[PDB]
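Engineer: Please see the structure below; I have some questions.
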Amino acid sequence: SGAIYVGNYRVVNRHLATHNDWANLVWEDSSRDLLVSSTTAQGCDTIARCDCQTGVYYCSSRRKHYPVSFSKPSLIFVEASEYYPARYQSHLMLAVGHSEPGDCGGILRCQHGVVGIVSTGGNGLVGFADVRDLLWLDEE
Ligand SMILES: CSc1ccccc1CN1C[C@H](C(N)=O)CCC1=O
Ligand SMILES: [Zn+2]
C-alpha cells in the first residue's frame, strides 16, 4: 500500500482505491493502474518534472530503500494477477529489484521529486507507474 499527496489530490494504485476515492474521483486509467481522488487537506509531496533514469524506491517486503536505474515509460505486457487479466500496461518503467503484490504503492523518487509508484513485479524485476506526465497535479 501507499499514496502520493500533492495539493488537493491523492494518487493511488487503481486496484487499491477505496469507496471514498471512487466517490471523490478526479481521473482514472485502468491501463496505467492509476487513480486520482480529491482531498480536503493540502498535501506536502512534489511531483518530479524531468527525464531521470536513476532514483530510490521503498520496498515494504524488505523494509528497505533501494537505489535503482529504471527504464523510460513504455507499453509493457503484464501477466494476469488477482486484479487484472493478462494485458499491456502503459506508462510503465522497469528496474532490477525486489517486488511483491503488497509492495504496490511504494514511492520511487529522484532529486526532483516523486517519479511514480510500485505497480508490477516478478522474475527479479520491479515496475513503477509513471506520474511525471500528469502536469495538472501541480495546479488548481
Ligand atoms: C509477482 S506478481 C506482482 C508482483 C509485484 C507487484 C504486483 C504483482 C502483480 N500485480 C500486478 C497488477 C498490475 N499492475 O497489472 C497490479 C496488482 C498485482 O498484484
Ligand atoms: Zn528527476
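We label chains A, B, ... in the order they appear in the C-alpha cells, count residues from 1 in each chain, and number ligands from 1 in the order shown.
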For ligand 1, list the contacting residues at 8 Å or closer, counting only C-alpha atoms and all ligand atoms, as a PDB file with C-alpha atoms, in the first residue's frame.

Structural biologist:
ATOM      1  CA  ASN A  13      -2.909   2.299  -7.463  1.00  0.00           C
ATOM      2  CA  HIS A  15      -6.695  -1.640  -7.796  1.00  0.00           C
ATOM      3  CA  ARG A  32      -1.973   2.587 -16.190  1.00  0.00           C
ATOM      4  CA  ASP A  33      -3.198   1.087 -12.817  1.00  0.00           C
ATOM      5  CA  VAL A  78       1.896  -7.739 -17.849  1.00  0.00           C
ATOM      6  CA  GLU A  79       0.804 -11.286 -16.837  1.00  0.00           C
ATOM      7  CA  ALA A  80      -2.627 -11.965 -15.237  1.00  0.00           C
ATOM      8  CA  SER A  81      -2.886 -11.182 -11.466  1.00  0.00           C
ATOM      9  CA  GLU A  82      -5.519 -11.173  -8.669  1.00  0.00           C
ATOM     10  CA  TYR A  83      -6.721  -7.732 -10.005  1.00  0.00           C
ATOM     11  CA  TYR A  84      -6.357  -7.732 -13.852  1.00  0.00           C
ATOM     12  CA  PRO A  85      -6.375 -10.347 -16.676  1.00  0.00           C
ATOM     13  CA  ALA A  86      -3.219 -10.530 -18.941  1.00  0.00           C
ATOM     14  CA  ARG A  87      -2.871  -7.159 -20.786  1.00  0.00           C
ATOM     15  CA  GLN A  89       0.082  -1.758 -19.172  1.00  0.00           C
ATOM     16  CA  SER A  99       8.746  -6.550  -5.591  1.00  0.00           C
ATOM     17  CA  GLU A 100       5.725  -8.474  -4.192  1.00  0.00           C
ATOM     18  CA  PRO A 101       1.976  -7.617  -4.681  1.00  0.00           C
ATOM     19  CA  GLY A 102       1.676  -5.925  -1.244  1.00  0.00           C
ATOM     20  CA  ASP A 103       4.603  -3.624  -2.192  1.00  0.00           C
ATOM     21  CA  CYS A 104       2.274  -1.696  -4.651  1.00  0.00           C
ATOM     22  CA  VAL A 118       5.258   0.348  -7.495  1.00  0.00           C
ATOM     23  CA  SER A 119       2.617  -1.376  -9.699  1.00  0.00           C
ATOM     24  CA  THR A 120       4.191  -4.666 -11.048  1.00  0.00           C
ATOM     25  CA  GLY A 121       6.867  -7.303 -10.191  1.00  0.00           C
ATOM     26  CA  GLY A 122       8.240 -10.819 -10.507  1.00  0.00           C
ATOM     27  CA  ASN A 123      11.321 -12.525 -12.031  1.00  0.00           C
ATOM     28  CA  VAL A 126      10.076  -4.214 -10.202  1.00  0.00           C
ATOM     29  CA  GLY A 127       7.751  -1.993 -12.266  1.00  0.00           C
TER      30      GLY A 127
END

Engineer: How close does each residue of chain A get to ligand 2, giving the shortest atom pair and distance in Å to one decimal for every residue with an atom at most 10 Å away, counting only C-alpha atoms and all ligand atoms, sorted by chain and residue number, as JSON lines?

Structural biologist:
{"residue": "A:47", "atom": "CA", "partner": "ligand 2", "partner_atom_place_in_ligand_line": "1 (Zn)", "distance": 9.3}
{"residue": "A:48", "atom": "CA", "partner": "ligand 2", "partner_atom_place_in_ligand_line": "1 (Zn)", "distance": 5.6}
{"residue": "A:49", "atom": "CA", "partner": "ligand 2", "partner_atom_place_in_ligand_line": "1 (Zn)", "distance": 6.5}
{"residue": "A:50", "atom": "CA", "partner": "ligand 2", "partner_atom_place_in_ligand_line": "1 (Zn)", "distance": 4.6}
{"residue": "A:51", "atom": "CA", "partner": "ligand 2", "partner_atom_place_in_ligand_line": "1 (Zn)", "distance": 6.0}
{"residue": "A:52", "atom": "CA", "partner": "ligand 2", "partner_atom_place_in_ligand_line": "1 (Zn)", "distance": 4.3}
{"residue": "A:53", "atom": "CA", "partner": "ligand 2", "partner_atom_place_in_ligand_line": "1 (Zn)", "distance": 7.6}
{"residue": "A:54", "atom": "CA", "partner": "ligand 2", "partner_atom_place_in_ligand_line": "1 (Zn)", "distance": 7.9}
{"residue": "A:55", "atom": "CA", "partner": "ligand 2", "partner_atom_place_in_ligand_line": "1 (Zn)", "distance": 7.9}
{"residue": "A:109", "atom": "CA", "partner": "ligand 2", "partner_atom_place_in_ligand_line": "1 (Zn)", "distance": 7.7}
{"residue": "A:110", "atom": "CA", "partner": "ligand 2", "partner_atom_place_in_ligand_line": "1 (Zn)", "distance": 4.8}
{"residue": "A:111", "atom": "CA", "partner": "ligand 2", "partner_atom_place_in_ligand_line": "1 (Zn)", "distance": 5.3}
{"residue": "A:112", "atom": "CA", "partner": "ligand 2", "partner_atom_place_in_ligand_line": "1 (Zn)", "distance": 4.4}
{"residue": "A:113", "atom": "CA", "partner": "ligand 2", "partner_atom_place_in_ligand_line": "1 (Zn)", "distance": 6.6}
{"residue": "A:114", "atom": "CA", "partner": "ligand 2", "partner_atom_place_in_ligand_line": "1 (Zn)", "distance": 8.2}
{"residue": "A:115", "atom": "CA", "partner": "ligand 2", "partner_atom_place_in_ligand_line": "1 (Zn)", "distance": 7.2}
{"residue": "A:132", "atom": "CA", "partner": "ligand 2", "partner_atom_place_in_ligand_line": "1 (Zn)", "distance": 9.1}

Engineer: Taking only C-alpha atoms into account, which of A:130, A:38, A:27, A:46 comes nearest residue 105 of chain A?

Structural biologist: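 The closest residue to residue 105 of chain A is A:130.
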
Engineer: Within 7 Å of residue 57 of chain A, counting only C-alpha atoms, which residues qualify if same-chain residues fewer than 4 places away don't, as a list in words?

Structural biologist: residues 65, 66, 67, 106, 107, 108 and 109 of chain A

Engineer: Keeping only N, CA and C atoms, take the residues you just selected and write them out as a short mmCIF file (atom, residue, chain, number, x, y, z; two decimals), in the first residue's frame.

Structural biologist:
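Full text of result-v5.cif as output:
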data_model
loop_
_atom_site.label_atom_id
_atom_site.label_comp_id
_atom_site.auth_asym_id
_atom_site.auth_seq_id
_atom_site.Cartn_x
_atom_site.Cartn_y
_atom_site.Cartn_z
N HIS A 65 15.07 0.79 1.43
CA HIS A 65 15.02 1.77 0.34
C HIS A 65 16.19 1.44 -0.60
N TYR A 66 15.90 1.06 -1.84
CA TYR A 66 16.94 0.65 -2.79
C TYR A 66 17.27 1.68 -3.89
N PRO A 67 18.56 1.98 -4.11
CA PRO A 67 18.92 2.84 -5.25
C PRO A 67 18.78 2.01 -6.55
N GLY A 106 4.48 1.74 -3.04
CA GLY A 106 5.82 2.20 -2.65
C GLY A 106 6.31 3.30 -3.60
N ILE A 107 6.81 4.42 -3.07
CA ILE A 107 7.22 5.54 -3.91
C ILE A 107 8.64 5.38 -4.50
N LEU A 108 8.78 5.81 -5.77
CA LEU A 108 10.05 5.90 -6.49
C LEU A 108 10.32 7.42 -6.59
N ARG A 109 11.50 7.87 -6.14
CA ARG A 109 11.80 9.28 -6.19
C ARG A 109 13.23 9.60 -6.67
#

Engineer: Using only C-alpha atoms, which residue out of A:8, A:20, A:40, A:71 lies closest to residue 92 of chain A?

Structural biologist: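 The closest residue to residue 92 of chain A is A:71.
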
Engineer: Could you list, as a ChimeraX atom specification, every residue within 6 Å of residue 125 of chain A, counting only C-alpha atoms and ignoring same-chain residues fewer than 6 positions away?

Structural biologist: /A:95-97

Engineer: Generate a file of the selected residues that holds N, CA, C and O atoms, formatted as an mmCIF file, in the first residue's frame.

Structural biologist:
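This went into result_22.cif:
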data_model
loop_
_atom_site.group_PDB
_atom_site.id
_atom_site.type_symbol
_atom_site.label_atom_id
_atom_site.label_comp_id
_atom_site.auth_asym_id
_atom_site.auth_seq_id
_atom_site.Cartn_x
_atom_site.Cartn_y
_atom_site.Cartn_z
ATOM 1 N N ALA A 95 12.893 -1.788 -13.415
ATOM 2 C CA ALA A 95 14.203 -1.810 -12.778
ATOM 3 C C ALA A 95 14.454 -3.253 -12.280
ATOM 4 O O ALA A 95 13.510 -4.060 -12.149
ATOM 5 N N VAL A 96 15.723 -3.570 -12.051
ATOM 6 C CA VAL A 96 16.129 -4.850 -11.488
ATOM 7 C C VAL A 96 16.026 -4.677 -9.970
ATOM 8 O O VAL A 96 16.814 -3.935 -9.361
ATOM 9 N N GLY A 97 15.048 -5.335 -9.372
ATOM 10 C CA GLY A 97 14.849 -5.247 -7.931
ATOM 11 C C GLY A 97 13.720 -6.123 -7.423
ATOM 12 O O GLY A 97 13.036 -6.790 -8.214
#

Engineer: Under the rule that only C-alpha atoms are counted, which of A:116, A:139, A:22, A:29 is the nearest residue to residue 73 of chain A?

Structural biologist: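 Closest residue, counting only C-alpha atoms: A:116.
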
Engineer: Select, from A:98, A:9, A:91, A:23, the residue with the minimum atom-to-atom distance to residue 133 of chain A, counting only C-alpha atoms.

Structural biologist: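 Between A:98, A:9, A:91, A:23, the residue approaching residue 133 of chain A most closely is A:91.
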
Engineer: Counting only C-alpha atoms, which of A:30, A:94, A:11, A:6 gets nearest to residue 44 of chain A?

Structural biologist: A:6

Engineer: Determine the nearest neighbour of residue 136 of chain A from the options A:59, A:64, A:12, A:36, counting only C-alpha atoms.

Structural biologist: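 Using only C-alpha atoms, the shortest distance to residue 136 of chain A belongs to A:36.
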
Engineer: I need the residues in segment 2-88 of chain A that are helix (DSSP H, G or I) according to DSSP; give them as a short mmCIF file (atom, residue, chain, number, x, y, z; two decimals) with C-alpha atoms, in the first residue's frame.

Structural biologist:
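So states_31.cif came out as:
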data_model
loop_
_atom_site.label_atom_id
_atom_site.label_comp_id
_atom_site.auth_asym_id
_atom_site.auth_seq_id
_atom_site.Cartn_x
_atom_site.Cartn_y
_atom_site.Cartn_z
CA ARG A 14 -6.35 1.94 -9.19
CA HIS A 15 -6.70 -1.64 -7.80
CA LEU A 16 -6.25 -0.38 -4.17
CA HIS A 19 -15.08 3.60 -1.78
CA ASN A 20 -14.26 7.26 -0.79
CA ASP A 21 -11.65 7.58 -3.62
CA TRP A 22 -14.25 6.49 -6.24
CA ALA A 23 -16.91 8.81 -4.72
CA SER A 30 -7.16 1.02 -15.87
CA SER A 31 -4.37 0.59 -18.48
CA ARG A 32 -1.97 2.59 -16.19
#

Engineer: Suppose you want the space between atom CA of residue 69 of chain A and atom CA of residue 134 of chain A; what is it in Å?

Structural biologist: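 Computing the Euclidean distance for atom CA of residue 69 of chain A and atom CA of residue 134 of chain A yields 21.8 Å.
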
Engineer: Please give the complete set of residues from chain A that DSSP, run on the backbone, assigns to strand (DSSP E), formatted as a JSON list (two decimals) with N, CA and C atoms, in the first residue's frame.

Structural biologist:
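Listed below is the output, part-v9.json:
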[["chain", "number", "residue", "atom", "x", "y", "z"],
["A", 4, "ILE", "N", 0.48, 9.16, -2.97],
["A", 4, "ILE", "CA", 1.15, 10.44, -3.17],
["A", 4, "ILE", "C", 0.13, 11.53, -2.81],
["A", 5, "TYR", "N", 0.53, 12.52, -1.97],
["A", 5, "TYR", "CA", -0.34, 13.62, -1.57],
["A", 5, "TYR", "C", 0.25, 14.93, -2.10],
["A", 6, "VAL", "N", -0.34, 15.49, -3.18],
["A", 6, "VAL", "CA", 0.12, 16.74, -3.80],
["A", 6, "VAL", "C", -1.07, 17.70, -3.96],
["A", 9, "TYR", "N", -4.89, 16.70, -4.10],
["A", 9, "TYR", "CA", -5.02, 15.41, -4.79],
["A", 9, "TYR", "C", -4.35, 14.24, -4.02],
["A", 10, "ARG", "N", -4.93, 13.02, -4.16],
["A", 10, "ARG", "CA", -4.43, 11.75, -3.60],
["A", 10, "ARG", "C", -4.21, 10.79, -4.78],
["A", 11, "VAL", "N", -2.98, 10.33, -5.02],
["A", 11, "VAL", "CA", -2.69, 9.42, -6.14],
["A", 11, "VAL", "C", -2.42, 8.02, -5.57],
["A", 12, "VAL", "N", -3.22, 7.02, -5.99],
["A", 12, "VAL", "CA", -3.05, 5.64, -5.51],
["A", 12, "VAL", "C", -3.09, 4.63, -6.69],
["A", 13, "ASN", "N", -2.73, 3.33, -6.44],
["A", 13, "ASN", "CA", -2.91, 2.30, -7.46],
["A", 13, "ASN", "C", -4.44, 2.13, -7.64],
["A", 25, "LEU", "N", -13.74, 10.82, -7.17],
["A", 25, "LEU", "CA", -12.88, 10.57, -8.33],
["A", 25, "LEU", "C", -12.63, 11.84, -9.14],
["A", 26, "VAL", "N", -11.36, 12.07, -9.53],
["A", 26, "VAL", "CA", -10.93, 13.15, -10.41],
["A", 26, "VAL", "C", -10.56, 12.53, -11.80],
["A", 27, "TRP", "N", -9.74, 11.47, -11.81],
["A", 27, "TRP", "CA", -9.29, 10.84, -13.06],
["A", 27, "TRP", "C", -8.77, 9.42, -12.75],
["A", 28, "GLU", "N", -9.01, 8.46, -13.67],
["A", 28, "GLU", "CA", -8.51, 7.10, -13.51],
["A", 28, "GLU", "C", -8.25, 6.46, -14.89],
["A", 29, "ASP", "N", -7.31, 5.52, -14.95],
["A", 29, "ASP", "CA", -6.98, 4.83, -16.20],
["A", 29, "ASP", "C", -6.57, 3.42, -15.83],
["A", 34, "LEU", "N", -3.64, 3.51, -12.36],
["A", 34, "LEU", "CA", -3.65, 4.78, -11.60],
["A", 34, "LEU", "C", -5.05, 5.35, -11.34],
["A", 35, "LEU", "N", -5.22, 5.98, -10.16],
["A", 35, "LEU", "CA", -6.46, 6.66, -9.79],
["A", 35, "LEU", "C", -6.09, 7.90, -8.96],
["A", 36, "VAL", "N", -6.74, 9.04, -9.25],
["A", 36, "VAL", "CA", -6.54, 10.29, -8.51],
["A", 36, "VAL", "C", -7.89, 10.70, -7.93],
["A", 37, "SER", "N", -7.94, 10.99, -6.63],
["A", 37, "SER", "CA", -9.15, 11.46, -5.94],
["A", 37, "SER", "C", -8.85, 12.80, -5.24],
["A", 38, "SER", "N", -9.90, 13.59, -4.91],
["A", 38, "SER", "CA", -9.71, 14.90, -4.28],
["A", 38, "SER", "C", -9.64, 14.79, -2.76],
["A", 54, "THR", "N", 17.54, 7.32, -12.76],
["A", 54, "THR", "CA", 18.10, 6.82, -11.51],
["A", 54, "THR", "C", 17.32, 7.48, -10.35],
["A", 55, "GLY", "N", 17.13, 6.72, -9.28],
["A", 55, "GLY", "CA", 16.40, 7.15, -8.09],
["A", 55, "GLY", "C", 16.48, 6.09, -6.99],
["A", 56, "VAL", "N", 15.58, 6.20, -5.99],
["A", 56, "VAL", "CA", 15.47, 5.31, -4.84],
["A", 56, "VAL", "C", 13.97, 4.94, -4.67],
["A", 57, "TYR", "N", 13.67, 3.69, -4.30],
["A", 57, "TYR", "CA", 12.27, 3.27, -4.07],
["A", 57, "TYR", "C", 12.13, 2.54, -2.75],
["A", 58, "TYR", "N", 10.93, 2.56, -2.15],
["A", 58, "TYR", "CA", 10.74, 1.86, -0.89],
["A", 58, "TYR", "C", 10.14, 0.49, -1.16],
["A", 59, "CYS", "N", 10.75, -0.56, -0.58],
["A", 59, "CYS", "CA", 10.27, -1.95, -0.69],
["A", 59, "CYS", "C", 9.77, -2.44, 0.68],
["A", 64, "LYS", "N", 13.23, -1.84, 3.22],
["A", 64, "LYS", "CA", 14.45, -1.17, 2.73],
["A", 64, "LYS", "C", 14.19, -0.20, 1.58],
["A", 65, "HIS", "N", 15.07, 0.79, 1.43],
["A", 65, "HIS", "CA", 15.02, 1.77, 0.34],
["A", 65, "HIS", "C", 16.19, 1.44, -0.60],
["A", 66, "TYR", "N", 15.90, 1.06, -1.84],
["A", 66, "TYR", "CA", 16.94, 0.65, -2.79],
["A", 66, "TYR", "C", 17.27, 1.68, -3.89],
["A", 67, "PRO", "N", 18.56, 1.98, -4.11],
["A", 67, "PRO", "CA", 18.92, 2.84, -5.25],
["A", 67, "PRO", "C", 18.78, 2.01, -6.55],
["A", 68, "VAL", "N", 18.16, 2.55, -7.61],
["A", 68, "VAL", "CA", 17.98, 1.78, -8.86],
["A", 68, "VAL", "C", 18.13, 2.66, -10.11],
["A", 69, "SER", "N", 18.45, 1.99, -11.26],
["A", 69, "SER", "CA", 18.41, 2.53, -12.61],
["A", 69, "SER", "C", 17.06, 2.00, -13.14],
["A", 74, "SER", "N", 6.92, 3.05, -20.84],
["A", 74, "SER", "CA", 6.61, 2.30, -22.07],
["A", 74, "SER", "C", 5.34, 1.41, -21.93],
["A", 75, "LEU", "N", 4.89, 0.84, -23.06],
["A", 75, "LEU", "CA", 3.76, -0.08, -23.14],
["A", 75, "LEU", "C", 4.41, -1.48, -22.94],
["A", 76, "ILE", "N", 4.07, -2.16, -21.84],
["A", 76, "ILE", "CA", 4.69, -3.44, -21.47],
["A", 76, "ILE", "C", 3.65, -4.53, -21.23],
["A", 77, "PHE", "N", 3.87, -5.76, -21.73],
["A", 77, "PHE", "CA", 2.96, -6.87, -21.44],
["A", 77, "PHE", "C", 3.09, -7.31, -19.97],
["A", 78, "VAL", "N", 1.96, -7.38, -19.26],
["A", 78, "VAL", "CA", 1.90, -7.74, -17.85],
["A", 78, "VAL", "C", 1.02, -8.98, -17.66],
["A", 87, "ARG", "N", -2.64, -8.33, -19.91],
["A", 87, "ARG", "CA", -2.87, -7.16, -20.79],
["A", 87, "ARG", "C", -1.58, -6.33, -20.97],
["A", 88, "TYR", "N", -1.61, -5.29, -21.83],
["A", 88, "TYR", "CA", -0.49, -4.36, -21.92],
["A", 88, "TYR", "C", -0.76, -3.22, -20.94],
["A", 89, "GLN", "N", 0.22, -2.87, -20.11],
["A", 89, "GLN", "CA", 0.08, -1.76, -19.17],
["A", 89, "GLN", "C", 0.92, -0.62, -19.75],
["A", 90, "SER", "N", 0.33, 0.58, -19.88],
["A", 90, "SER", "CA", 1.04, 1.74, -20.45],
["A", 90, "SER", "C", 1.72, 2.61, -19.38],
["A", 91, "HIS", "N", 2.69, 3.45, -19.81],
["A", 91, "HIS", "CA", 3.44, 4.38, -18.94],
["A", 91, "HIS", "C", 4.15, 3.63, -17.80],
["A", 92, "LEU", "N", 4.62, 2.39, -18.06],
["A", 92, "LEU", "CA", 5.28, 1.55, -17.04],
["A", 92, "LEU", "C", 6.82, 1.60, -17.19],
["A", 93, "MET", "N", 7.56, 1.66, -16.05],
["A", 93, "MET", "CA", 9.03, 1.69, -16.05],
["A", 93, "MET", "C", 9.58, 0.48, -15.25],
["A", 94, "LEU", "N", 10.63, -0.21, -15.75],
["A", 94, "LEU", "CA", 11.18, -1.36, -15.02],
["A", 94, "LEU", "C", 12.58, -1.09, -14.49],
["A", 95, "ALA", "N", 12.89, -1.79, -13.41],
["A", 95, "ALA", "CA", 14.20, -1.81, -12.78],
["A", 95, "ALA", "C", 14.45, -3.25, -12.28],
["A", 96, "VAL", "N", 15.72, -3.57, -12.05],
["A", 96, "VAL", "CA", 16.13, -4.85, -11.49],
["A", 96, "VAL", "C", 16.03, -4.68, -9.97],
["A", 107, "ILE", "N", 6.81, 4.42, -3.07],
["A", 107, "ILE", "CA", 7.22, 5.54, -3.91],
["A", 107, "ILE", "C", 8.64, 5.38, -4.50],
["A", 108, "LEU", "N", 8.78, 5.81, -5.77],
["A", 108, "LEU", "CA", 10.05, 5.90, -6.49],
["A", 108, "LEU", "C", 10.32, 7.42, -6.59],
["A", 109, "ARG", "N", 11.50, 7.87, -6.14],
["A", 109, "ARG", "CA", 11.80, 9.28, -6.19],
["A", 109, "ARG", "C", 13.23, 9.60, -6.67],
["A", 110, "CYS", "N", 13.38, 10.71, -7.40],
["A", 110, "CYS", "CA", 14.69, 11.16, -7.89],
["A", 110, "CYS", "C", 15.03, 12.53, -7.15],
["A", 113, "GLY", "N", 11.86, 14.99, -7.19],
["A", 113, "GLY", "CA", 10.62, 14.65, -6.51],
["A", 113, "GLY", "C", 10.13, 13.25, -6.81],
["A", 114, "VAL", "N", 8.82, 13.04, -6.64],
["A", 114, "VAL", "CA", 8.18, 11.76, -6.87],
["A", 114, "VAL", "C", 8.10, 11.47, -8.37],
["A", 115, "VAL", "N", 8.56, 10.29, -8.79],
["A", 115, "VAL", "CA", 8.56, 9.83, -10.18],
["A", 115, "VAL", "C", 7.36, 8.90, -10.48],
["A", 116, "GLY", "N", 7.05, 8.02, -9.52],
["A", 116, "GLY", "CA", 5.96, 7.06, -9.68],
["A", 116, "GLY", "C", 5.77, 6.16, -8.47],
["A", 117, "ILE", "N", 4.92, 5.12, -8.60],
["A", 117, "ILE", "CA", 4.65, 4.17, -7.52],
["A", 117, "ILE", "C", 4.75, 2.71, -8.02],
["A", 118, "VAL", "N", 5.16, 1.76, -7.14],
["A", 118, "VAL", "CA", 5.26, 0.35, -7.50],
["A", 118, "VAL", "C", 3.88, -0.18, -7.97],
["A", 119, "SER", "N", 3.86, -0.86, -9.12],
["A", 119, "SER", "CA", 2.62, -1.38, -9.70],
["A", 119, "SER", "C", 2.74, -2.85, -10.15],
["A", 120, "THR", "N", 3.96, -3.28, -10.59],
["A", 120, "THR", "CA", 4.19, -4.67, -11.05],
["A", 120, "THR", "C", 5.47, -5.31, -10.44],
["A", 121, "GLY", "N", 5.68, -6.61, -10.68],
["A", 121, "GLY", "CA", 6.87, -7.30, -10.19],
["A", 121, "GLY", "C", 6.93, -8.76, -10.59],
["A", 122, "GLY", "N", 8.01, -9.42, -10.20],
["A", 122, "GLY", "CA", 8.24, -10.82, -10.51],
["A", 122, "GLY", "C", 9.49, -10.99, -11.34],
["A", 125, "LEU", "N", 12.41, -8.44, -11.20],
["A", 125, "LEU", "CA", 12.14, -7.11, -11.72],
["A", 125, "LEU", "C", 11.07, -6.40, -10.87],
["A", 126, "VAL", "N", 11.08, -5.05, -10.87],
["A", 126, "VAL", "CA", 10.08, -4.21, -10.20],
["A", 126, "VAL", "C", 9.61, -3.18, -11.25],
["A", 127, "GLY", "N", 8.30, -2.95, -11.31],
["A", 127, "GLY", "CA", 7.75, -1.99, -12.27],
["A", 127, "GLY", "C", 7.03, -0.87, -11.56],
["A", 128, "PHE", "N", 7.16, 0.36, -12.08],
["A", 128, "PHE", "CA", 6.59, 1.57, -11.49],
["A", 128, "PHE", "C", 5.69, 2.29, -12.51],
["A", 129, "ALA", "N", 4.50, 2.77, -12.05],
["A", 129, "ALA", "CA", 3.58, 3.54, -12.87],
["A", 129, "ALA", "C", 4.08, 4.99, -12.83],
["A", 130, "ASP", "N", 4.46, 5.55, -13.99],
["A", 130, "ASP", "CA", 4.93, 6.95, -14.06],
["A", 130, "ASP", "C", 3.82, 7.96, -13.77]]

Engineer: Find the distance between atom CA of residue 131 of chain A and atom CA of residue 62 of chain A and write it in Å to one decimal.

Structural biologist: 24.1 Å
